[PDB]
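Participant: coordinates only, no sequence provided:
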Ligand SMILES: CCCCCCCCCC(=O)O[C@@H]1[C@@H](C)[C@@]2(O)[C@@H](C=C(CO)C[C@@]3(O)C(=O)C(C)=C[C@@H]23)[C@@H]2C(C)(C)[C@]12OC(=O)CCCCCCCCC
Ligand SMILES: CCCCCCCCCC(=O)O[C@@H]1[C@@H](C)[C@@]2(O)[C@@H](C=C(CO)C[C@@]3(O)C(=O)C(C)=C[C@@H]23)[C@@H]2C(C)(C)[C@]12OC(=O)CCCCCCCCC
């Protein structure tokens, strides 16, 4: 059945490369973006250690 | 006096103009309620015309017009005459006097006999989203309470004449406490007096008829004045109902947030769950704020005082424990369903001599699959006696469609079973409600990628159709041969646009069409197609995703609270009722013993508070 | 608010019924259909571009633009885009089918 | 855009649309109640109003 | 700031290079189409208006 195999392979290339990657990058872009205040305080805690 | 005469007489407010017209009424047997001097458009009579055109608060024509109508006989027909217009329908003269904020003439129309339960069922008197201007009530008692009149709302209850009780539902079921919610925007000037008259008409109803909770009276949608503030988005009157302590000994059953013990700075407080949380026995405020809330301040209404801990309490009582069960019993059931596709030995017309326990391990695999197929079906059956409720229904049917084709030996069994296996792992992606990071990106791409990729789709389709049809027109016709790298063919519409964006992204090597009319203009238009398109259109989308990630970062906390709320209520509404009554969050507190003593069987909730300022 | 100089106004009160007040503005020169000069043409075209976006959104000038969009603006613009798009597709065909 | 389309109309069509209404404002020196083209804006006020 | 003057100028480049590709097609020269290729893309750049 190449009629349905090409359908599911399109859902693979859409969801993995386009969707799930852009889900992850946009997640990185706002969660660990503003760690300028956080990682400064953790290093000072690490430097004191 | 004709018809436009007398309406112009009372309009200026000049008295002594008719001055003995009462014989002329009795002469030709003319009466004020007759259609002669009534305006044919609306239906306005003498007394409404005076009240709209009032001068400095008083109209001296009205005690004349009351006395003239007294002698003619029509007073019950004259005071109570609805505007039969479809734009003011039902509006008596009582509605006008309460409108224009004059206590004086309200006292006269009550004394001469009003129709104080008058339903102004006009198109003017509709909700704002229903083609109307000012909703209120549809009743004269509700006009005094919605338009901020404390003195008139007192007078309409304790009158010597016909009493307007606070219980009467209108044409759509709304009582006055439904009406105070319906005119309450959640601003500051609004929710100042709205919380006052919600109190002043609740306390008055208990010092009246003491066996009826007025708030318990439902409108004709089943909602209550708390659930009507829940569904229509209000927060000003919503906070007030939950935190409503009343210290009077007669009105103590009308109290939520009971005060409790206090050992120094460990002040306790005891909130009620009369409508906030039932175990399926009744409607719920918590179900309304999470599922169907006319999508308004859900992040502000799921925070108030007790709703914030009632979801924290259900989570670590049954919620978190049943959630990890709901993950691994679903994720293992997919792996069981996965291996029944990889190691499936039938490929159509099933192998009747199975005869192997390894085949019998796999044979139990479809039994688990058929169990999940029939149970996801039966959960969806008992719903319908909705986005994701239908996707589990798709996964339920396609198992059953496969299981019929399995026993029939139809070769299309293996084709349909993969359509379940693509869809089932998409619902494993749905079980992220509580893992903060994964649940964050789930509804990112819903609004951010149906729009921006579509917004990217316009500017690329505007460009490409322009450039490619320009550049295939730049090519030569077949005059010498049917080869695309030399001439234009029927597939030139296809193979150019395939080769068009390929040359941009990764095929930067030569790939040049030699046989053209003017090669000096082809290379220039190709250079513009590199930079005036996709390269610049990439830098747009980086600036799009650069700025629209700041919008989802603003909603970071506010989408996780609603995912976590839908997590708990889906677990809770799937349980049987005796199991939910086993898990009644809070405790059965005896708190009051009011008349017909039989003390308060009221399922309350503890919230402790640490304060040194009050101390 | 007085009697002799009431005609020197541009926001007249029209009707009121509790908190649903209705005021009635004037379009003496805020919108003229070509018989005069008009402020709404001067605001969009012949204006100093510093506060132009802050003078459109005061009172009716904000609402009068979305009202003309509601009457003939959205209609004749949507006719305009499809007529220009069906003009360039015709000009597309005169390019490829050019013997 | 909206003012660009409206210029492209002739005056005959442009007077026929005429956003607003022809109200009777209030009595003036020359008999007539100051006939002016007008536009209505409705507003809620639960305040001191 | 070219808020309306951009596309008014870009409509003028289109309105010239249709006439130029017309007149070069009118008398003798086969180089009418080289200017007309510009008239295509400017005809479709101006749909971004
Ligand atoms: C003290 C705490 C313990 C309390 C007892 C535990 C609860 C028992 C009961 C239990 O676990 O029930 C869950 C329910 C809620 C659902 O998730 C079911 C699957 C769907 C789709 O219907 C998603 C839902 O969240 C949902 O939205 C609806 C409508 C029902 C639940 C699913 C079953 C009914 C089979 C289910 O079972 C699972 O294992 C969940 C995932 C589905 C896997 C199928 C498992 C069957 C064979 C492996
Ligand atoms: C219910 C409403 C009643 C309607 C009555 C009549 C409505 C006419 C009203 C109408 O559609 O007039 C259009 C206007 C807006 C423009 O497009 C004119 C062309 C130029 C050139 O600079 C400018 C514009 O493109 C522009 O930027 C804006 C916003 C106005 C349009 C052009 C005319 C004023 C002649 C025009 O007419 C066309 O057909 C050109 C269209 C542009 C190319 C398309 C093909 C031309 C012929 C369709």
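Facilitator: Noted; the coordinates are in hand. Residues are numbered from 1 along each chain as shown, chains lettered A, B, ... in the order given. Ligands and ions are numbered 1, 2, ... in the order given.
Participant: please identify the buried residues of the helix ranked longest in chain E?
Facilitator: Assignment by DSSP state H gives helix E:5-26 as the longest helix of chain E. By neighbour count on 16 or more other Cβ atoms under 10 Å in any protein chain shown, the buried set for helix E:5-26 is E:10, E:14, E:17-18, E:21, E:24-25. All C-beta spots, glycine's among them, are computed from the backbone N, C-alpha and C.
Participant: can you tell if it touches ligand 2?
Facilitator: Yes - judged by Cβ under 6 Å from any ligand atom, helix E:5-26 and ligand 2 are in contact via residue E:11.
Participant: which residues touch that helix?
Facilitator: When contacts are defined by Cβ atoms under 8 Å, 6 or more residues apart in numbering or on different chains, helix E:5-26 is touched by residues E:2, E:31-33, E:35-36, E:38-39, E:42-43, E:45-46, E:49.
Participant: show me those that map onto helices.
Facilitator: Among these, the members found in helices (DSSP H) are E:32-33, E:35-36, E:38-39, E:42-43, E:45.
Participant: can you give me the helices in chain A?
Facilitator: Counting by DSSP H, the helices of chain A are A:2-12, A:21-31, A:38-48.
Participant: out of the contacts of helix E:5-26, which end up buried?
Facilitator: Buried subset of the contacts of helix E:5-26 (neighbour count, 16+ other Cβ under 10 Å): E:32-33, E:35-36, E:38-39, E:42-43, E:45-46.
Participant: now render those residues as a markdown table, adding distance to chain D.
Facilitator: Output for the buried ones among the contacts of helix E:5-26, formatted as a markdown table (distance: Cβ to the nearest Cβ, whole Å):
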| residue | distance to chain D |
| --- | --- |
| E:32 | 31 |
| E:33 | 32 |
| E:35 | 29 |
| E:36 | 28 |
| E:38 | 26 |
| E:39 | 23 |
| E:42 | 20 |
| E:43 | 20 |
| E:45 | 18 |
| E:46 | 15 |
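Participant: can you name the farthest residue from the center of chain A?
Facilitator: residue A:1 (34.1 Å; Cα atoms, centre = their mean).
Participant: sorry, back to before: which one of the ones in helices among the contacts of helix E:5-26 is nearest to residue A:38?
Facilitator: Closest approach between these and residue A:38, by Cβ to Cβ: residue E:45, at 46.6 Å.
Participant: so the closest one makes contact with residue B:466?
Facilitator: Yes - if you go by Cβ atoms under 8 Å, residue E:45 and residue B:466 touch, sitting 6.8 Å apart.
Participant: against residue B:536, how distant is residue A:22?
Facilitator: 20 Å (Cβ to Cβ, to the nearest Å).
Participant: so for the chain, the centremost residue is which one?
Facilitator: Here I'm looking at chain A. residue A:24 (1.9 Å).
Participant: actually it's chain E I care about, not the one you picked
Facilitator: Centroid-nearest residue in chain E: residue E:14, 2.7 Å away (criterion: Cα atoms, centre = their mean).
Participant: would you mind listing the residues in contact with residue E:27?
Facilitator: Contact criterion Cβ under 8 Å, 6+ apart gives no residues in contact with residue E:27.
Participant: got it, and residue A:27?
Facilitator: So residue A:27 contacts B:437, B:440-441, B:444 (Cβ under 8 Å, 6+ apart).
Participant: re the thing from before, tabulate the helices of chain A (JSON lines), appending distance to ligand 2.
Facilitator: Shown next, in JSON lines, are the helices of chain A (distance: least, Cβ to the nearest ligand atom, whole Å):
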{"stretch": "helix A:2-12", "distance to ligand 2": "38"}
{"stretch": "helix A:21-31", "distance to ligand 2": "36"}
{"stretch": "helix A:38-48", "distance to ligand 2": "51"}
